[PDB]
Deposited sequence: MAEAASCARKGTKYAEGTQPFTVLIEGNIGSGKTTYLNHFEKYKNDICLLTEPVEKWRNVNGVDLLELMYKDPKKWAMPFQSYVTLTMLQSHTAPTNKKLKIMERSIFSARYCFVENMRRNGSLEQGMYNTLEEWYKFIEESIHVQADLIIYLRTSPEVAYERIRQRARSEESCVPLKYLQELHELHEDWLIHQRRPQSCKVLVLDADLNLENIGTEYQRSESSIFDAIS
């Protein structure tokens, strides 16, 4: 019997490519804070790990920092997934799943994560599912074309990267809990 079993309300995961308008989408839920546990992607944690900016170090030098960075992402995800709450609904931006199935996978594919590094991350994921409870009742997929995503980012990463991520999200969420697809172009 897993950690945090039966301690979690109905949980909705917001999934989508970089620049699919997740942050904008989640701001619409702001006014229900008293009723909804609302956890945005923990970027602030990744950018300040006792002063160290793992996210930056990763984009700067992936062959070296992808492994610890992704490892840290996994941790922060679990921190959100298990964080206790009294509310009757929980909404999370991204998840341990997008981290594993899209980001880690893509990093392996383009050789940022070497085999041994990928294998370590994966061994953890396998242990994590046997030991920690990840509540997930509904995914909302903010589906977009990579080009529209690319555009949105410019008004505020290569298109090729966004394409790769998009394909991986599609493999996971379309081509295969219940997924619910929204058009955000």
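Participant: Tell me, which runs of residues in the deposited sequence have no coordinates at all?
Facilitator: Going by the record, the segments left unmodelled (no C-alpha atoms) fall at 1-11, 168-174, 195-199, 209-230.
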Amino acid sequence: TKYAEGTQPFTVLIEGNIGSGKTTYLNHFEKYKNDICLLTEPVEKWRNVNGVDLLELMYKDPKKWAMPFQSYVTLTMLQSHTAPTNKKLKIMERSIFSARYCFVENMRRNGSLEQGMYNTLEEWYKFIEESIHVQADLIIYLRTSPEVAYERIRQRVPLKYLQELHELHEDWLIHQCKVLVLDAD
From here on, numbers count along this sequence of modelled residues.
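Participant: Should the higher mean CA B-factor in the entry be assigned to 99-107 or to 79-87?
Facilitator: The entry gives the higher C-alpha B-factor average to 79-87.
Participant: Look over 22-30 and 63-71 in the entry and identify the one with the greater average Cα temperature factor.
Facilitator: Comparing 22-30 with 63-71, the higher mean C-alpha B-factor belongs to 22-30.
Participant: Among the candidates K126, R143, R154, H133, give the one with the maximum CA B-factor reported in the record.
Facilitator: By C-alpha B-factor in the record, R154 ranks first.
Participant: Sorting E41, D53, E122, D137 by Cα temperature factor from the record, which one lands on top?
Facilitator: Reading the PDB entry, the winner on C-alpha B-factor is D53.
Participant: Mind checking which third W46 falls in for C-alpha B-factor across the chain?
Facilitator: It falls in the middle third of the chain.
Participant: Could you place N17 in the lowest, middle or highest third of its chain by Cα temperature factor, using the values in the record?
Facilitator: Answer is lowest: the recorded C-alpha B-factor places it there.
Participant: Ordered by C-alpha B-factor within the chain, which third holds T11? Give me lowest, middle or highest, please.
Facilitator: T11: CA B-factor falls in the lowest third of its chain.
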